[PDB]
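# Coordinates in review
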Amino acid sequence: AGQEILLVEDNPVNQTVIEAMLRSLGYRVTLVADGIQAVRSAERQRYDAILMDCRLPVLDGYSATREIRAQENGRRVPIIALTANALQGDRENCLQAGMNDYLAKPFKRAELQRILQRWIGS
Ligand SMILES: [Mg+2]
């Protein structure tokens, strides 16, 4: 039916907007809203890619990404950070966690399309 994307996003409107962009591109989307849920979803299913928002409740993007990279198949899954502060706080935290790439919010549907193809076809 389509490639499987884990979208890790805590903000309700970004959840709506980014899930809609992904479903418009033909992806199957699993949405989770915090780092704890990201680590469990990744432990239990192979995803084609994970979109990891940097700032999350419970467990942040840095910690979730570290924990996924320590799992047997999270070791290799493409993880693309979503950053709204690619300019300071996130460069000095989330973006050092083991990301393949990052999107800067606010981003375009075409940018999302471009970055997923880059990694799912890498
Ligand atoms: Mg956030």
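It should be noted that the structure appears before, not after, this text.
Structural notes, computed from the coordinates.

Thresholds applied
- Residues numbered from 1 in each chain as written, not as in the entry; some residues may be left out.
- Heavy atoms only, no water.
- Buried < 20%, exposed > 50% of the residue type's maximum accessible area, 1.4 Å probe, protein only.
- Helix = DSSP H or I, 4+ residues; strand = E, 2+ residues; numbered from the N terminus.
- Arc of directions from axis to C-beta.
- Contact = heavy atoms within 4.5 Å.
- Polar contact = N/O pair within 3.5 Å; in protein donor to acceptor, adjacent residues only side chain to side chain.
- Pairing = 2+ DSSP bridges.
- Right-handed = clockwise from strand over helix to strand, strands pointing away.
- Donors = N, O, S within 2.8 Å, 3.2 Å for Na, K, Ca; no water.

### Comments concerning helix 3 (residues 61-69)
Within helix 3, the full set of buried residues consists of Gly61, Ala64, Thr65, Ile68 and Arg69. Buried residues of helix 3 fall within an arc of 130° about the axis and therefore sit on the same side. Considering only its buried residues, helix 3 is in contact with helix 2 (35-44), strand 3 (49-53) and strand 4 (79-83). At the N-terminal end of helix 3, a side-chain oxygen is found 3.3 Å from the backbone nitrogen of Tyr62, two or three residues along, and the residue is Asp60.

### Considering the pairing of strand 1 (residues 4-8)
Of all five residues making up strand 1, five are buried, and the element is well covered by its neighbours. Of the two faces of strand 1, the one lined by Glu4, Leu6 and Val8 and the one lined by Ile5 and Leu7 are each fully buried. The sheet contact formed by strand 1 and strand 2 (residues 28-32) spans five bridges and is parallel. Looking at strand 2, one finds that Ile5 is bridged to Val29. Read as a crossover between parallel neighbours, the route from strand 1 over helix 1 (residues 12-24) to strand 2 is right-handed. Relative to strand 3, strand 1 is paired through four bridges, and the arrangement is parallel. Within the sheet, the bridge partner assigned to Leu7 lies in strand 3 and is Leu51.

### Brief notes about the coordination of the magnesium ion
Donor atoms from the polypeptide that bind the magnesium ion are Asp10 (OD), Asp53 (OD) and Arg55 (O), placed at 2.0 to 2.1 Å. Positions of the donor residues of the magnesium ion along the chain correspond to the pattern D-x42-D-x1-R.

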